[PDB]
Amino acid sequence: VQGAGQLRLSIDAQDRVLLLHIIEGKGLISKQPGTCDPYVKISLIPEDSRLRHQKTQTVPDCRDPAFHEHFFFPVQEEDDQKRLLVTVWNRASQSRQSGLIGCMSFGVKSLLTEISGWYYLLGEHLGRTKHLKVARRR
């Protein structure tokens, strides 16, 4: 699964404080059998800690979820070489069973020097290395 769907988001930086707006998702593809109950988790990588992780609500049984949630992710100089990871998960009753639908990432330093629109959900490996916007072709 190369393209697991699309996510609409916005990212703006304000004095070393990342403002993320996770709007909605579309055409989500989950290889797990059953309902699609997605949520979005934001974090930085690589980082051996989850204290900074943040997530949206879980939208039950929907392949085109409307999140409409804003996040404030503060970053510091020491985070410049990390990447902001945005991951869509398919919730399971027990966390360890939750499957990864797709992900994408943005370099932290590059975000401090604006993102907005639809982006593709990439694979568990590829998504940690880049992001790909959905062309507007306007």
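The first residue of the sequence shown is number 1, and the count goes up from there.
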| query | finding |
| --- | --- |
| Deposited-sequence gap flanked by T113 and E114 | 1 to 3 |
| 126 to 134 versus 12 to 20 - greater average Cα B-factor per the deposited record | 12 to 20 |
| Mean temperature factor over C-alpha atoms, higher-scoring stretch between 37 to 45 and 67 to 75 | 67 to 75 |
| Largest Cα B-factor, entry values, listed residues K26, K55, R52, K82 | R52 |
| Deposited CA B-factor, highest of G99, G102, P60, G107 | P60 |
